[PDB]
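Step one of this worksheet: look at the structure below.
What follows is calculated from the coordinates using simple rules that are stated; it is not laboratory data. For neighbour counting, all protein chains shown are included, and Cβ atoms are generated from backbone atoms with ideal geometry for every residue, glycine included.
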Amino acid sequence: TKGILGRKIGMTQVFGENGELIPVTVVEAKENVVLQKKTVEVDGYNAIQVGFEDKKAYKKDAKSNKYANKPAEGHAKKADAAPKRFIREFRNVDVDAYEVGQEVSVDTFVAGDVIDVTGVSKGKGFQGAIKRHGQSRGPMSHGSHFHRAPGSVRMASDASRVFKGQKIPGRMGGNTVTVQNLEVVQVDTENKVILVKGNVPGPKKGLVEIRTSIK
Amino acid sequence: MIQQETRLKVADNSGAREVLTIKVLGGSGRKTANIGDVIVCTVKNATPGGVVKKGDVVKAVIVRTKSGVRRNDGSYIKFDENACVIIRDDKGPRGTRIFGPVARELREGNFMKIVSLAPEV
Amino acid sequence: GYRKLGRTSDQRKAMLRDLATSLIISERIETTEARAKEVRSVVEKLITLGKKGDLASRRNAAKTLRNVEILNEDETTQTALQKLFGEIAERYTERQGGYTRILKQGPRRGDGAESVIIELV
Amino acid sequence: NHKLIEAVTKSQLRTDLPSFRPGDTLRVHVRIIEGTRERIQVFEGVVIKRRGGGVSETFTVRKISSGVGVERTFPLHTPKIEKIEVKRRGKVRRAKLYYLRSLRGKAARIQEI
Amino acid sequence: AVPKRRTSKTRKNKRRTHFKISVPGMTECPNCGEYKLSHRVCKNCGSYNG
RNA sequence: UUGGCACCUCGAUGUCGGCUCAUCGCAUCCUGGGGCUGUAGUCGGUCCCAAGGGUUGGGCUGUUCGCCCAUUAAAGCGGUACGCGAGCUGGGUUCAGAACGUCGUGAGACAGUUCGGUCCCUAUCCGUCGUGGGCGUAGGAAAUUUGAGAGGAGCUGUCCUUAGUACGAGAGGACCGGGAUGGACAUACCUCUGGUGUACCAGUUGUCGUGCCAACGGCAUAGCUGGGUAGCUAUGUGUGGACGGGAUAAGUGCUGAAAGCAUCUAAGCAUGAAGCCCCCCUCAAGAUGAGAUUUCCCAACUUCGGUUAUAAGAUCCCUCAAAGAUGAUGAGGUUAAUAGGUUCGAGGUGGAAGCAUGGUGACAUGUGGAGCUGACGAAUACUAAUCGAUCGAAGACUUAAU
């Protein structure tokens with residue numbers, strides 16, 4: 001019943017109380033605010049909006065996403081806050097415990113908490129079937145002419161057609177992935193940094209969504 | 001032990017000198033064994049005088065590997081050859097001597113007898 | 001590397017050496033846009049070497065320049081390493097970086113390649 | 001060299017270990033708790049590599065025991081090494097002594113200062 | 001493989017809906033007075049500002 | 001399956017075994033739930049429900065088939081033109097050579113056997129996997145979302161307590177419950193262990209060149225050899241198949257008459273499977289049934305009954321990468337740290353050139369953990385993102401009520 005937003009920074013390691021080694025991920029979560037409260041009487045479902053990283057103010061001839069535009073300023077003016085560039089909703093929390101316009105701190109999570117993490121996987125581009133779907137090669141010798149072509153998705157002749165959901169080359173990576181049942185190792189109050197035991201989906205400087213485990 | 005045709009040296013006091021892996025026990029489809037695993041093997045080279053003869057299918061346990069093993073504190077140990085010890089059914093060596101250093105992970109209540117005879121653990 | 005320019009490893013390094021040397025001699029040449037963005041780093045790191053003036057800096061620049069001779073002035077001849085250490089490095093003692101400027105021209109007939117002008121600031 | 005990573009693992013670094021190079025004899029006291037009591041075992045060998053890092057630096061030591069070569073690799077900042085002595089400093093020409101694996105006996109002896 | 005049927009002129013022209021070229025992308029030079037490409041030098045007097 | 005018939009195909013529908021493990025049936029090999037027993041217990045036999053997932057590696061043979069070895073919870077039977085050659089092979093069988101046995105006067109044939117012997121094709125249409133443009137969703141835009149639907153996942157072993165208890169002359173030996181740890185598969189990631197790392201560091205051979213020495217350059221697989229940054233990676237590091245509801249299948253019942261007895265059934269009420277619907281993960285409003293919430297912009301000219309450009313916003317064009325075949329997506333464009341350069345670092349290599357000392361010399365020591373360094377972390381406008389141009393609203397009608 002708690003959640004934050006942050007940026008993945010990298011991977012390192014720390015030592016345990018018994019002297020064992022655990023791999024951890026450094027996550028930076030700062031400038032989290034509450035922007036809106038959706039309720040069943042109005043929206044039909046209870047949730048809260050959270051902004052992560054603050055932008056720059058309005059500009060007359062802005063050309064990039066560095067500066068907020070006019071419609072985004074009105075949304076960030078209802079709750080007194082600077083405009084944010086990452087905005088996500090959290091349905092797992094209880095709305096009445098939150099108030100519009102307050103900071104969300106890393107102190108909400110304590111050490112030993114069981115969490116699940118959501119992110120967007122790294123992109124690999126247009127890939128073949130050996131790497132995309134993990135199927136086997138053909139012989140590399142003995143007169144063979146079958147090395148890296150798709151070799152586990154053959155079809156019969158009665159149907160005179162190909163079925164849906166075949167596994168042939170395409171674009172791989174860039175999907176939404178969740179890793180469940182991770183654990184909080186240590187929280188840092190000065191740097192707004194959380195250490196998560198394990199690894200999380202995504203590249204460097206990517207956005208990550210941290211919640212409490214549902215099961 | 002790594003495969004179905006890996007040849008192992010024998011580091012005990014018996015007639016067997018080298019063996020050949022025939023099977024890796026402990027599950028359907030398993031195809032790799034490490035230090036502390038039991039394998040089914042056959043004897044390819046032996047010595048004149050001993051209980052073990054050529055062409056016998058026996059069981060053995062793994063004590064040394066070139067690929068080593070990883071501890072849960074971030075340390076590794078890697079040996080210089082692959083070696084094994086022939087054992088009876090009740091986890092007991094059928095020889096009376098053991099040569100060479102022995103991996104430290106063989107004491108978990110299972111192979112205490114073999115660890116006792118080892119010159120260096 | 002950074003960008004392969006459609007050449008092998010040995011050809012790419014020989015062509016960057018020719019372009020860089022000819023730019024010191026004439027201080028303004030016309031080439032391709034993709035080529036010009038890789039000459040930048042080669043020439044600018046050579047000027048950094050000529051602003052130190054040590055013997056070791058001179059010998060580290062002789063590994064990239066070519067043995068051309070410049071009878072352009074009416075006075076005594078000089079090579080392209082004497083001009084790099086004598087004249088070009090003399091007038092860049094104040095600014096730190098950015099000794100090169102690139103100006104676009106447009107497509108050329110028969111190839112469609114973007115033509116550019118590269119010169120010393 | 002990121003600001004955040006080097007600021008969190010700052011409390012794991014240990015400013016209590018000596019300075020050594022690849023190719024010297026060295027004794028490592030290891031706190032073993034294998035069994036029903038906590039004793040100390042000593043490992044003595046020659047340093048063959050040190051791949052760098054921050055808190056994740058490692059080193060490897062090699063020794064000969066009854067005709068079998070043994071490799072031990074520890075993290076430099078682990079809280080399971082009590083101390084380290086430097087018996088002698090060798091004279092090598094490179095940073096990775098992988099050629100010591102194929103040498104046995106007389107040819108595997110390193111010179112001294 | 002070879003074509004099984006002749007392609008009609010209706011199908012051929014549909015396929016060429018997107019086959020065309022674009023505008024050069026030009027601006028007026030305020031020294032020449034004549035047209036030039038963006039971010040490229042003028043070709044009349046050979047001047048480039050900014 | 002072996003056959004019967006001869007209805008399509010001889011201006012051609014490529015024939016055995018293998019690679020592939022895709023898709024389906026249940027007459028179920030393992031797991032899940034039950035009745036009977038000539039079921040004491042631990043094992044069994046036979047019958048009913050159940051198709052969710054799973055159902056090994058080798059020796060012999062061109063083989064299918066079969067025998068054997070070692071395992072496993074188990075090593076199921078069948079269909080898909082005896083599934084699949086515009087996906088692969090070509091071992092066998094029906095081309096041209098040669099030889100043996102047998103038959104024939106003979107040219108030659110096999111009830112047979114042996115050695116050798118060309119596998120062509122640039123995908124038009126449907127179908128399958130990825131990825132864009134136009135129009136629509138009755139003003140024009142920026143974000144956040146509900147879930148009608150659809151797709152994923154679904155396996156299982158061994159140890160320890162209850163307990164050497166129930167049962168049993170004894171040897172043997174638990175259902176029902178509570179924990180620990182694996183095998184196979186899937187997914188994410190590069191901190192650790194390895195791989196690679198053709199603009200990084202070092203050593204060395206031959207032969208040309210920089211007028212000579214010293215020092216360096218080209219060619220010889222990157223000449224060869226020893227290491228190795230980022231990135232991409234497994235054999236490496238984490239995680240998952242958990243706990244639970246509802247209705248049922250075979251079965252077990254309660255209460256009850258037809259039929260004064262009996263009866264799970266006719267009315268009425270309960271319980272009951274790895275199976276069905278939820279619960280876990282991903283996609284999803286072109287869902288034309290086109291949904292919802294919060295923000296922003298809204299005036300001049302006619303009488304055109306309708307136009308107009310501009311507003312909010314988004315591009316053209318330039319500097320790029322965390323994205324990428326292209327195009328899209330994302331970080332920026334001077335009111336600026338987007339890329340190159342300069343200055344500091346990290347990691348890598350391993351002690352630079354010149355000079356001095358020592359040796360006849362090949363060489364060694366110091367100045368000095370020196371010098372050098374692609375991709376990784378910072379700071380700095382010195383260079384280039386100039387000046388500009390294009391598109392983009394003024395909100396139809398009927399009804400009901402305030």
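Observations on the structure shown:
- Cross-chain or 6+ apart pairs with Cβ under 7 Å, segment C:5-31 first and within 14 Å of chain E (Cβ to nearest Cβ), then among the hydrophobic types (A, V, I, L, M, F, W, C) and more than 9 Å from RNA strand F (Cβ to nearest atom): C:28/C:117; C:30/C:117
- Identification of strands (runs of 3 or more DSSP E) wholly contained in segment B:52-106 with 2 or more residues that are within 10 Å of another protein chain (Cβ to nearest Cβ) yields B:76-79.
- Some residue of segment D:67-83 being away from chain B (no Cβ under 11 Å) and either within 15 Å of residue B:73 (Cβ to Cβ) or not hydrophobic (A, V, I, L, M, F, W, C) (or both): yes
- Qualifying residues in segment A:21-46 (those that are in a strand (DSSP E or B) and not hydrophobic (A, V, I, L, M, F, W, C)) - the one farthest from RNA strand F (Cβ to nearest atom): A:32
- Filtered residue count, segment A:55-96, keeping only those that are more than 22 Å from residue A:118 (Cβ to Cβ) and out of contact with any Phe, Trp or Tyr (no Cβ under 8 Å at 6 or more places or on another chain): 20
- Checking D:42, D:46 one by one, the residue that is surrounded by fewer than 16 Cβ atoms within 10 Å (Cβ to Cβ), away from chain A (no Cβ under 14 Å) and of a type in the set (A, V, I, L, M) is D:42 and no other.
- Checking each residue in segment A:29-47 for being within 20 Å of residue A:195 (Cβ to Cβ) and surrounded by 19 or more Cβ atoms within 10 Å (Cβ to Cβ) picks out A:29, A:32.
- Among (1) away from chain E (no Cβ under 14 Å); (2) within 12 Å of RNA strand F (Cβ to nearest atom) - the single one residue C:110 does not satisfy: (2)
- In segment D:84-112, residue nearest to RNA strand F (Cβ to nearest atom) [restricted to those that are part of a strand (DSSP E or B) and touching a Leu at 6+ places or on another chain (Cβ under 8 Å)]: D:86
- Qualifying residue in segment C:81-98 (condition: small (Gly, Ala, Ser), part of a helix (DSSP H, G or I) and either more than 12 Å from RNA strand F (Cβ to nearest atom) or out of contact with any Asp or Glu (no Cβ under 8 Å at 6 or more places or on another chain) (or both)): yes
- Strands (runs of 3 or more DSSP E) fully within segment A:155-215 that include at least 1 residues being exposed (fewer than 10 other Cβ atoms within 10 Å of the Cβ): none found.
- Residue within segment A:160-183 that is free of Cβ contacts under 8 Å to residues at least 40 places away in the same chain, more than 6 Å from RNA strand F (Cβ to nearest atom) and within 14 Å of chain D (Cβ to nearest Cβ) present: no
- In segment E:1-38, the residues that are under 14 Å from the mean Cα position of the chain (by Cα) and more than 20 Å from residue C:116 (Cβ to Cβ): E:18, E:19, E:20, E:21, E:22, E:23
- Pick from segment A:131-145, criterion near RNA strand F (Cβ under 6 Å from one of its atoms) and exposed (fewer than 11 other Cβ atoms within 10 Å of the Cβ), ranking: nearest to residue A:114 (Cα to Cα): A:134
- Segment B:41-83, residues that are hydrophobic (A, V, I, L, M, F, W, C), within 16 Å of RNA strand F (Cβ to nearest atom) and touching a residue at least 60 places away in the same chain (Cβ under 8 Å): B:62
- Long-range neighbours under 8 Å by Cβ, at least six apart or interchain, first residue more than 14 Å from chain D (Cβ to nearest Cβ) and of a type outside the set (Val, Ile, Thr) within segment B:19-35, second within 6 Å of RNA strand F (Cβ to nearest atom) and part of a loop (DSSP other than H, G, I, E, B): B:23/B:4; B:31/B:4
- Apart from one condition, residue A:105 fits all of (1) hydroxyl-bearing (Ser, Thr, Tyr); (2) more than 6 Å from RNA strand F (Cβ to nearest atom); (3) surrounded by 10 or more Cβ atoms within 10 Å (Cβ to Cβ); (4) over 30 Å from residue A:27 (Cα atoms); the exception is (4).
- Filter result for residue D:60 (assigned to a strand (DSSP E or B), within 14 Å of chain B (Cβ to nearest Cβ) and out of contact with any helix residue (DSSP H, G or I) (no Cβ under 8 Å at 6 or more places or on another chain)): yes
- Subset of segment D:14-39 [within 11 Å of chain A (Cβ to nearest Cβ), out of contact with any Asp or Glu (no Cβ under 9 Å at 6 or more places or on another chain) and in contact (Cβ under 8 Å) with a residue 12 or more places away in the chain]: D:14
- In the condition set (1) out of contact with any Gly (no Cβ under 9 Å at 6 or more places or on another chain); (2) farther than 30 Å from residue D:77 by Cβ, residue B:81 is compliant with all but (1).
- Residue check for residue A:80: in a loop (DSSP other than H, G, I, E, B) and near RNA strand F (Cβ under 9 Å from one of its atoms): no
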